[PDB]
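Descriptive structure summary
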Amino acid sequence: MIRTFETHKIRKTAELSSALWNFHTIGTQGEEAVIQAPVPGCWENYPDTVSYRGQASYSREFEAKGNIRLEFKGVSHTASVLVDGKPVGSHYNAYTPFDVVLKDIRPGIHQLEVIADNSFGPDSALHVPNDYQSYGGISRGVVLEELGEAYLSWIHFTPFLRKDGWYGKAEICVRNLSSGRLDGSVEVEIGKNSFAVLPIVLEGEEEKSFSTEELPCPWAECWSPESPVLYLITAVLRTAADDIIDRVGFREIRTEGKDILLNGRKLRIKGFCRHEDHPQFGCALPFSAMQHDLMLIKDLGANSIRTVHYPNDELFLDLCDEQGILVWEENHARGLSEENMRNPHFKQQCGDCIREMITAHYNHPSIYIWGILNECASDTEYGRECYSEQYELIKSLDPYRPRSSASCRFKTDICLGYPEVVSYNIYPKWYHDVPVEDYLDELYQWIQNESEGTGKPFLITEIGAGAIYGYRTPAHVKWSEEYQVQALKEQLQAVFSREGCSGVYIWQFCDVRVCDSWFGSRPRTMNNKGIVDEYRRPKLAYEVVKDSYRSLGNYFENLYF
Amino acid sequence: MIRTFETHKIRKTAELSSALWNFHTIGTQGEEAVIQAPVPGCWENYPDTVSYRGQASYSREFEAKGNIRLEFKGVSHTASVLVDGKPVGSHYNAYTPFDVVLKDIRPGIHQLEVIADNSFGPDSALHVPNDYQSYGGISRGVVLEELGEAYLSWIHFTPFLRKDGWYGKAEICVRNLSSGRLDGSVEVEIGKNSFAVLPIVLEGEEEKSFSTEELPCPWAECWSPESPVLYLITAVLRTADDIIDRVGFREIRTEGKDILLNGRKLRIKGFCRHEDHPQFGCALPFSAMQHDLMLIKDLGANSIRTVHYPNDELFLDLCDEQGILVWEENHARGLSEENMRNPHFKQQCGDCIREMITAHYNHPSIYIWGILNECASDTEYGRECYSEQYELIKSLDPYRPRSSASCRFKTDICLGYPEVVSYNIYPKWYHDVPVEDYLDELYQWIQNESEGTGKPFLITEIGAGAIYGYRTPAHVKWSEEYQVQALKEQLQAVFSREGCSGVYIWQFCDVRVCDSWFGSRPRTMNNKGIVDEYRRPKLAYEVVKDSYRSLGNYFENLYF
Amino acid sequence: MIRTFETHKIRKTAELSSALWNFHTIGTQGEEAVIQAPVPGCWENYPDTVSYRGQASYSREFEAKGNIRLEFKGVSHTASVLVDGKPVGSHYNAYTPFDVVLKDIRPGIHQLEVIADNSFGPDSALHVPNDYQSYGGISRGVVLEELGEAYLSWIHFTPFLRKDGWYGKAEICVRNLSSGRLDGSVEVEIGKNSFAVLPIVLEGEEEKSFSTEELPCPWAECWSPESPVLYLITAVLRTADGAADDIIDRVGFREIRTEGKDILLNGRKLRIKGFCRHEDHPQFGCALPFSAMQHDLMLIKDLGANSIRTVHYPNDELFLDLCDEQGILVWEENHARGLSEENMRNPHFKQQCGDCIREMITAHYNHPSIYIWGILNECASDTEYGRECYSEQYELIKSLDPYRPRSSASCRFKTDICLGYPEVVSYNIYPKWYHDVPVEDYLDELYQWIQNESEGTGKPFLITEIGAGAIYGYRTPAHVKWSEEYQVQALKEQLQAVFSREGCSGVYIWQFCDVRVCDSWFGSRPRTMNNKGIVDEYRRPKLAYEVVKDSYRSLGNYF
Ligand SMILES: [Cl-]
Ligand SMILES: [Cl-]
Ligand SMILES: [Cl-]
């Protein structure tokens, strides 16, 4: 399983994942055991490599002829792809998809080998020792596609809410693998309604996109948390032959003043930060584990998830689309110092992550905002140059969705003029003993009186508290579940009564494994601020969050007129 | 119960602790509940004050006439004593004893009240937010004595090992409560052997001490871990009063790189142990003390280090009787140069040292006095403080060796002063370096670059954290498996380190700490116990036992 | 420490416990090395004997001359006492005190040895494989007394509430150790008020009891939970030598009486808000120190309870002292739990029950906290032979204590044939734990059967056990049994029902804390523990702690 729907009926495709591949670590003189390992999977979950950091090899065979495309949905975190022993592709970043395209291969059985590497060091500017784990392995699916002379690389659909109803625009990218000029058309349907036919002309080996005009969609129903209506959009390429199928929802997301507006209504965010992490599956969570998390998150009363701190599996985003859950998705970065951001690969790897993330995820109605550079050095001049570059990269790829960044630069951020939404991570009553209301008011007033973020929508993108599941004390000391109950009660009461604040993401949904270097401040070498523990067992604070989130709706309905 | 033996047969004494007193917190405008609270006890263990920091009041009644003495073995941490509503004494520091002497009180029933305070702030230089808890309450016992017009305030006995066997010297301090001059004698016996009779002459209101000569003790058998023979020493004043203590005939001295007990080269197999228990705070009863001791003995240890303050004399009694060697230190842990410059610091350290050595002089188990654990021994002001306190110790007990647990890795400027050089190190917990390499780099520097060169060397702390119950195949830090492998490596290194006399593992059990340390202390506990706070053995318990049981108390096979 | 007050000022005494003694196992094919062990203590808490069942030796020395008494407050569970290598006494039952009296011993150093045995088998009819542990060792204190030619063996004080105020009677037992006749008097004062003088004539080697009349005590204030006023009662034996001996105890002026369906305390209708509590602790076995006792009591008071039931044996006098001073009502029972009809015809059963009852009431008579005597918890009250035993033992209690009410915690649901005998009818029930039946229905069906079809009709009625299991830390959204959430639900329904039941004087929750049990019970006892505590064995509150506290604190001590 790769998506919750079929993305191709014409193109010949087959999943190479959901299978056992041959696996062995590399980097030694001797023999290494070859074991049969699951793909998707993380090798930190296999008994003999629970602690392995380094390179390892995954291999299997496949059968194919002609022009082929191998799509990799995620390899943690550095990949080299070899087909029949020849290097044919490479990739950095565990959390965004990539592909290898091979022209006119011999028919028959081929050998596929992926070298996966989770090492830290100078080549890796995003994956570093950090407050979450960098796993190793083929952590998301793998797809073999047999192509013809040309194929549909992607389709991006954009809804528009006009005075008279829903309009839409489609943009399609076609890649010609033939050395000669190519002619044809692309026919586009949305939910079996006719939409457009685009004439295509490609010069030899050209990749180019073609846009339709803004067309009416009088048949379209809204996507919203209360009614998550989705449509399949289909593009069929005809030459002298190929398709792509995606899913869309008709919703508008814009900011106006201090309001985040969804389909014209003032949104209240009731959210969770959620890592892709699980004690048995690493970051390779199967469908069943995803939906289990989503059902707990819905039980808690939440309407939104924030993908700390990297792009998520499209299968998870699909499930948010289908259930009306709003998504903040951000590029892969957490807590990087100014010196970290001057790594010579940092800008290229951020740009690559952003490009791949938005190109792949453009169509997900659940995604209402793009985030960047969580807790990076937004208080420095060199930091500001990076924030500016990446914010403008986002706008060039998606001019419509709002943008933001979760800041921890308390009253020293110099980048708040750039985003549409100002967002702050704060931990009063955990890392600072100050009443939450006072801390939040001091920060909010500074933003409005002293920063270029004034008058914009404002989110608390992290608030919460640690608790080791099972540690309970009449003294309610920090790390006890009782103390976490008290902290979350006070924290949520303050954020939801802060005028000008659109809502909150609790840090965080579940406890998460972190890097060994963080052990000193991370009991059990875990981040323990989950409202459920790593085994999804509800801590005492679970009932406090549920009471709070279930007492509030998705929209501000009773604001002053 | 105050001691494991009776310290008085002539003097009239009654224990006022081991009882319920009336208790309420103070500092409010309204009514506070009066509850019946145990003494000894810490109010952090009573349900309604588990989080209380501040002042509280303890009171009961007692019957007495004439001259009386009220001895407090411990009040956590600042005390004010009132009798019939009049202030009559005060005290700072939870861990040392003190007394209140009142002259010629009317007969009948009297009101005793103790105001205990565990507050932090500028008045308190030793009790600070720290990596252990500052409890509140009457945490050790309370004794009422009815006195005549003079009494024995203490007796100190010193054994000497000479060419021809054991000698002894005794010093007794007598205090006169009458305005008139006082003449008498003091008869001293050890184990019902005649020892000396000292003539006494005291001016009015004078406290003065008198010493016997060095006298042979050919009947004396030695005290040692293998054979902890003890004798009762009794001093009887005649003008009428007595004092009884216990002594052991053992010699402790350093010679080169050796710590010598009765001429034999000692190997320390130790545990750091706080006075901490989840039910009893720092007010552990006899049964809880002996339970710890039986675990420590089962582990193969021969020694305990009183981190980071003097211990209950009842615990030291149990160590004397069981042959356990004790490192006892004054109350201080981790104080910066700025903390040490607190206007009260020098006074409070001096008072702690005086009360500690005066009260504990006779315990044969105590083989070394420590000071100023992890204080600022790398600074000049620190050195001034270490110097003063080391010399104070020598003036009070010129015979035991002195030391200090340092963490000033290659920067300590105070290693010229003590008889033993001692270091706290945490390789494979706080620093990922092979233990053998870290210890070698430190040991070489001491020998080649410091005035600690050529003296005996102890590791006074080494260990690793483990949250009891957290286990994982990945052996991450805080898992019990990781603590197993850390301790195995650490112990292997210290016992193979030539020049090192042994080790105190940090630590025996998990210990509650202050809320300000939560960030680096899971569960607001120090989790480096080999047993958890409920005394349940962690996985590493078997690794320590395997190490300690495979080694004796002495270096028997050194090069000749 | 043996008691919270001094029981002697004239008699010369010295505690031999609160000390290390020499300890080694005996009778094994292993090494029997000697270690230094605490007394009081249980050897299951010493690392090398954590699993040891059998015999072991405790020894120390003492110095004494002439007539001596050695008092043993508790040896678990079978003792042989030797002095200077010669056997001088023996005892069965872990939980009652006993003494050894020795005439005219040589002066100087003596060797004391105690062989303690916790084995199960045919000689032991009370200590059996059971739902609680039979520890081994000297588990309570030991006292050496140097006596003269006679001594005060006990003093029993009984208050009476009359129309014109408090009255009192005192009975003293004096034991002459001389072969010659003894003339003297016993002078008794209560709180420094003069009470009585009893003239004494004792033949050679006689032990005899002497009573006063019922005398007025106009100065006396009463004992109650709200005001637990206590007085020290002092008896001094005066002979030709002067004040030759004494005995000091403590009393409280309170009346306990049943009248109809009411348990009356100083006239008021009592409500029991109680806990069953074993003497069990994971570090201390059954040898809990003063600090551990008071920690338990402070938790029990925090929970809103006013009463404790000593499941299932007599308790340390130190604990009962602490209940006296804090106004906690005590149900105390003899040592027996769940013994079948066949278990009860063990040839030693009646002797051992009788010995336990005699020692319990003779030693504990004066405690004002004790308001009721229980016997034979969950024994074979539905059989004819069981009835015979109940009748014997109830009659034995009345001959030792004709004033306190009596009872027995029954589980013979609608089949008990012994409810005519006691003053209070008591039942253990576990609806919503062992039977899935709504608590109110089950309790109604039982209570109507008692009023309509048994000779228990019209008497006061208690639920002496109700509760549910929970393994601390096991929590699940499914609220399965053994989860802490399920225990919350069960206790809420359970306490609502009992306090709603017309004719019920109250309840003892089973139980205060989780308790170690015998290995043979493991099949139904997770962790080889009884897990029905409201705190766990380490005294950590389970979720149901808050449910109990809300229930108990919403009700007063009286109807
Ligand atoms: Cl954390
Ligand atoms: Cl720790
Ligand atoms: Cl159970």
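Calculation notes
- Residues numbered from 1 in each chain as written, not as in the entry; some residues may be left out.
- Chains lettered and ligands numbered in written order.
- Part of a larger assembly, values for the part shown.
- Heavy atoms only, no water.
- Contact = heavy atoms within 4.5 Å.
- Buried area = accessible area lost by both parts, 1.4 Å probe.
- Salt bridge = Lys/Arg side-chain N within 4 Å of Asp/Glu carboxyl O.
- Nonpolar A, V, L, I, M, F, W, Y, C, P; charged D, E, K, R; others polar.
- 1 Å grid on protein atoms, 1.4 Å probe; cavity = no way out; pocket = protein on both sides within 12 Å on 5 of 7 lines; lining within 4 Å.
- Points joined across faces, edges and corners; volume = space filled by probe spheres on them.
- Helix = DSSP H or I, 4+ residues; strand = E, 2+ residues; numbered from the N terminus.
- Buried < 20%, exposed > 50% of the residue type's maximum accessible area, 1.4 Å probe, protein only.
- Polar contact = N/O pair within 3.5 Å; in protein donor to acceptor, adjacent residues only side chain to side chain.
- Domains from an automatic or database assignment.
- Pairing = 2+ DSSP bridges.

For this deposited structure, the header cites X-ray crystallography as the method used and 2.100 Å as the resolution.

Points about the interface of chain A and chain C
Opposite the eight residues of chain A that make contact, chain C presents eight residues. Surface buried jointly by chain A and chain C totals about 610 Å² across both partners, of which 42% is contributed by carbon and sulfur atoms. Taken together, chain A and chain C are joined by two salt bridges. Between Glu-481 of chain A and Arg-475 of chain C there is a salt bridge, and its shortest N-O distance comes to 2.7 Å. Among the residues making up the side of chain A that touches chain C, the classes are represented as four nonpolar, one polar and three charged.

Section: empty space enclosed by the protein
What the largest cavity holds in volume is close to 600 Å³. If you trace the largest cavity, you find 39 residues lining it, with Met-1, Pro-285 and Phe-286 of chain B together with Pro-289 and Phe-290 of chain C closest to the centre. Counting only elements with at least two residues in the lining of the largest cavity, the list comes to α1 (286–298) and α2 (313–322) of chain B together with α1 (290–302) and α2 (317–326) of chain C. With three residues, α1 of chain B is the single largest residue contributor to the lining of the largest cavity.

Some details on helix α2 (residues 314–323) of chain A
Residue and element names in this part refer to chain A. By the criterion of burial, α2 is predominantly enclosed, with eight of the 10 residues buried. Among the residues of α2, the N-terminal cap falls to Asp-313, whose side-chain oxygen and the backbone nitrogen of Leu-315 are separated by 2.9 Å. Positive backbone phi, at 75°, marks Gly-324, one or two positions downstream of α2.

Section: the interface of chain B and chain C
Accessible area lost upon the coming together of the parts is a frequently used measure of interface size. In this assembly, 30 residues from chain B lie in contact with 30 residues from chain C. Buried surface at the junction of chain B and chain C, summed over both partners, amounts to about 2800 Å²; 60% is from carbon and sulfur atoms. Taken as a group, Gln-36, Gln-279 and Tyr-534 of chain B account for 21% of the area that chain B buries against chain C, more than any other trio of residues on that side. Taken together, the connections running from chain B to chain C amount to zero salt bridges. Between chain B and chain C we count six residue pairs in polar contact in total. Considering every element that reaches the side of chain B that touches chain C, the biggest residue donor is α1 of chain B, with nine residues. Grouping the amino acids of the side of chain B that touches chain C by side-chain chemistry returns 15 nonpolar, nine polar and six charged.

Topic: the domain arrangement of chain A
Residues and elements named next belong to chain A. What the domain assignment reports for chain A is domain 1 (1–148), domain 2 (149–252) and domain 3 (253–561). Summarising the inter-unit geometry, the C-alpha centres of domain 1 and domain 2 are found 30 Å apart. Taken over both partners, the interface formed by domain 1 and domain 2 buries close to 1300 Å², and the fraction arising from carbon and sulfur atoms is 53%. Of all residues in domain 1, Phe-5, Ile-10 and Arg-11 give up the largest surface area on contact with domain 2, accounting jointly for 37% of the area buried on that side. Taken together, domain 1 and domain 2 are joined by three salt bridges.

Section: the pairing of strand β19 (residues 256–259) of chain C
Residue and element names in this part refer to chain C. The pairing of β19 with strand β20 (residues 262–265) spans four bridges and is classified as antiparallel. Bridge pairing in β20 places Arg-257 opposite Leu-264. Joining the antiparallel neighbours β19 and β20 is a turn of two residues, in which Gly-260 adopts a positive phi near 70°.

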